[PDB]
């Protein structure tokens, strides 16, 4: 079949609870979006709240509190919100990349593959039904003879060393102790909601299904870029997609051959081309799904305005499905900065979005300035 990009954009925005507007729970949003980047917590709250007809940013904190959401390291090694019952397949595929097996990882971390296995085992035992800060956990570890020589390596580079453990499912965030972050065992925290982790082969079709269900149609390259910055074996990827067979449909999207779920093929073909304005927070999944690199969404000459140093992903103005500018809250005003070659933004449409963002931010009003 054929489809236009504006069809695809409209369909994606329907799947991602952007247009039309409904009132999904935080778990519904996180589940649908295949996770939400949560390194900056305020940004994760906003991106869920903006996907609710009546923005409810505290829904994230509440559902984290009642343990219907987990925080751990997943895609591309970054901190994600995930539904605990859905986390398995995602994590299994990350472990499959075996990033920590590379000599370069060993040289940087100061931890051997043998030692990663030992840490996996020991951390799982320490955190079983136990909540510890980083320092508390590291202190427990170095009491061990296998790890006493590693104390310096573990403290300074904990952020890197913990990721294989997260991917293997032996650690995740516990409840915050005041302002400090804690770690615990997923199995003990989530109980019957924590399923046994699948092998990568059985997990792959689940992850691919979930991905295409929000960010389809897409290529294999685009999928693995989102998953792991293209770290997966390419022959393995070919088999994963191939074994799904007619569960997938090939779509010619204005020249680009891509895969969509067959169950969504007819729906996509009937979707009207994307129209309208949408104001998305920073690090939004609408962008990160297909990737900021995708030139049909974001023009290459304007990419540096969105994706900046230290991995900053700006809030974006989306018009007809394409990124046409950025925005920022300054002095409790919503300041919009369109790109030079961007069409004149209808002020009333922007102001309506600002009111939606205002509610999602927990403030009464956000005056608009277009710069």
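Residue numbers count along the first chain shown, from 1.
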Seminar exercise, completed: Higher avg CA temperature factor (132 to 140 vs 202 to 210, as deposited) belongs to 132 to 140
Seminar exercise, completed: As the entry reports it, the stretch among 189 to 197 and 92 to 100 with higher mean C-alpha B factor is 189 to 197
Problem set entry | Selection by C-alpha B-factor (highest) of 265, 116, 181, 227 | 181
For this session: Could you say which of 76, 173, 238, 163 has its CA atom at the highest B factor, as listed in the PDB entry?
Result: 238
Problem set entry | Third of the chain's Cα B-factor distribution that residue 56 belongs to, per the entry | middle
Exercise. Based on the entry's values, in what third of the chain does the Cα temperature factor of residue 156 lie: lowest, middle or highest?
Worked result: highest
For this session: Report the third (lowest, middle or highest) to which the CA temperature factor of residue 8 belongs, ranking only the modelled residues of the same chain.
Result: lowest
Problem set entry | Where the record places residue 286 (Cα B-factor, split into thirds across the chain) | lowest
Exercise. By its CA B factor, does residue 15 count among the lowest, middle or highest third of the modelled residues in the chain?
Worked result: lowest
